[PDB]
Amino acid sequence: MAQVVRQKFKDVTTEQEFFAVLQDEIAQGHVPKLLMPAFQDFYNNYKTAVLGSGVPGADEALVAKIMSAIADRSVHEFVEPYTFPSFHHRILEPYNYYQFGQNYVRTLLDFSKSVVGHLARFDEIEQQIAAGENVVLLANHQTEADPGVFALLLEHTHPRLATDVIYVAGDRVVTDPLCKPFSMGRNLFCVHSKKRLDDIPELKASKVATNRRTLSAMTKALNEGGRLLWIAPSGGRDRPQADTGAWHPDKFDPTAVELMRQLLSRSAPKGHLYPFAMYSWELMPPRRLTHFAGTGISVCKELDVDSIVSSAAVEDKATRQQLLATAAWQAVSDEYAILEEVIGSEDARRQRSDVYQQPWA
């Protein structure tokens, strides 16, 4: 590599220059040496998906441009790490992390197979948000690219929902230096998982205190209204796909659903809980496998909590919380199977083109 001219990642145009810059950054102590095999693997999977996509412009120079942008932001994280606040807002200046995330995901998102279900219900959600009400999406979660899938799929009909959604996320989404730059382009509430609090017990305390501040920040934000929240009540990404047979998204933790229900209930504005289905695991099945694949999202009917839980006695909180989470999970699971059908078959999509639409087309 001694003959290769290179400066910074922002100047990189070819795969060869990319790894030469990466080599330099490692030698200068800016990034750890393990990033070379990681980016070698990542570059190879991503190159394959993009060049095989058949999309106009999806050539070697596009791949070097995207990979260099990822690398440049990773280097920035190590040299000047960002501490996520409890209520983190979309960073757009002086570096636009939103568009950074959108450009990445859009090279992998096969728009011709993708759908967004129930635009009329997204219109209702937009109406509830414009009236100052609060809306929570109880979602399955499949890839770290899901905020990009969400916004790209909704951009064309519902731009305010696509940009202003707030993701409840924590742990390596806001602590891993290689995931942070994507996360920095989204609105987040930083909520660290109960289970993973003792990975390094000196790190537990910075997480518990953050968690108290996020609870306070959410109470305040929700009492001002107009907040659209996304949360994955299973607590992480869906488990791997089944070799054969039926597959359903991971179960919803009743404690997480109850957390959202109670936050919405004690707020001054009206609150709404919607089950929300996302089909995105083909893009990046959980090292980063990447594929050019179809995706979709669809929002099920708003949950009527009193109708769902009222057969259980008000004292029996465990049962009422299990009823809400299970109703939420079952709606998501049923809509996910429709999504999986319409994205794997052009004829199934056309047959249901009244509900599962392609506003971009």
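When you see a residue number, it is the position in the sequence shown, counting from 1.
Practice problem: Using none, 1 to 3, 4 to 9 or 10 or more, say how many deposited residues go missing between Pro286 and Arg287. | Solution: In the record, 10 or more residues between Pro286 and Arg287 lack coordinates.
Practice problem: Taking the mean of the C-alpha B-factors per stretch from the entry, tell me the winner out of 77-85 and 193-201. | Solution: According to the PDB entry, the answer is 193-201.
Practice problem: Identify the stretch, either 228-236 or 165-173, whose C-alpha atoms have the larger mean B-factor according to the entry. | Solution: Comparing 228-236 with 165-173, the higher mean C-alpha B-factor belongs to 165-173.
Quiz item: Based on the PDB record, which member of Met67, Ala313, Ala328, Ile308 exhibits the highest Cα temperature factor?
Solution: That would be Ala313, according to the entry.
Quiz item: Which listed residue, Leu34, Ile297, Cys300, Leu324, has the largest C-alpha temperature factor in the record?
Solution: Highest C-alpha B-factor among the listed residues goes to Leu34.
Quiz item: Going by what the PDB entry lists, where does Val332 fall on CA B-factor within its chain: lowest, middle or highest third?
Solution: CA B-factor rank for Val332: lowest third.
Exercise. Rank-wise, by C-alpha B-factor, drop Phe182 into the lowest, middle or highest third of its chain.
Key: According to the entry, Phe182 has a C-alpha B-factor in the chain's middle third.
Quiz item: Among the modelled residues of its chain, does the C-alpha B-factor of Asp243 lie in the lowest, middle or highest third?
Solution: Answer is highest: the recorded C-alpha B-factor places it there.
Exercise. Comparing against every modelled residue in the chain, figure out the third that the C-alpha B-factor of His141 lands in (lowest, middle or highest).
Key: Lowest third - that is where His141 ends up once the chain's C-alpha B-factors are sorted.
Quiz item: Sorting the chain's CA B-factors, does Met218 end up in the lowest, middle or highest third?
Solution: Middle third by C-alpha B-factor.
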